[PDB]
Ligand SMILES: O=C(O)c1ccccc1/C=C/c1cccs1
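Given as structure tokens, the chain that follows is alone and in the form solved without this ligand.
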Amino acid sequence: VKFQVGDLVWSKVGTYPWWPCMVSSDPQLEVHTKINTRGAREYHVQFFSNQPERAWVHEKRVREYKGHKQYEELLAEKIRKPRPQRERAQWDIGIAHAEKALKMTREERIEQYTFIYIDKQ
């Protein structure tokens, strides 16, 4: 376990670009990390965005978030993929939240950003 609740990370999931996240406890499993069905470690993350979403992400697809300018370094891990405008606008919102979160303590971030989960009736 390298990440704890409230840690800021970048996550690379499916078709999406590296995305700013906050590690959090899964509302059902009450853990922020687990070993998956293939025996690999995963972390539970909240994606910063105007659209709250969460996911379990494989540890190899998670990186410590040091700042928005680290994005170029992640791509370096000349040819470049373009990015759709709608997705870029959502990513810019997520980054603005991540940058604000970076200036907070882990306790302040947990209070400010942890999602509220409502059971579907």
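Note that residue numbering begins at 1 and tracks the sequence as displayed.
Here the subject shifts to the form deposited with this ligand bound, a form of this protein not shown in this document.
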### Task
Go ahead and superimpose the pocket C-alphas, place this ligand as found in the entry with it bound, and count ligand atoms within 2.4 angstroms of backbone or C-beta atoms: 3 or more is blocked, zero is open.
blocked
### Message
Each of 68, 70 and 74 having a non-hydrogen atom within 4.5 Å of this ligand in the entry with it bound: is that the case here?
### Response
no
### Query
Should residue 33 be counted as a contact of this ligand in the entry with it bound, where contact means heavy atoms within 4.5 Å?
no
### Task
Give a yes or no for residue 117: in the entry with it bound, does one of its heavy atoms lie within 4.5 Å of a heavy atom belonging to this ligand?
no
### Message
For the stretch 64 to 95, I need every residue with any heavy atom inside 4.5 Å of this ligand in the entry with it bound, listed N to C.
### Response
90, 93, 94
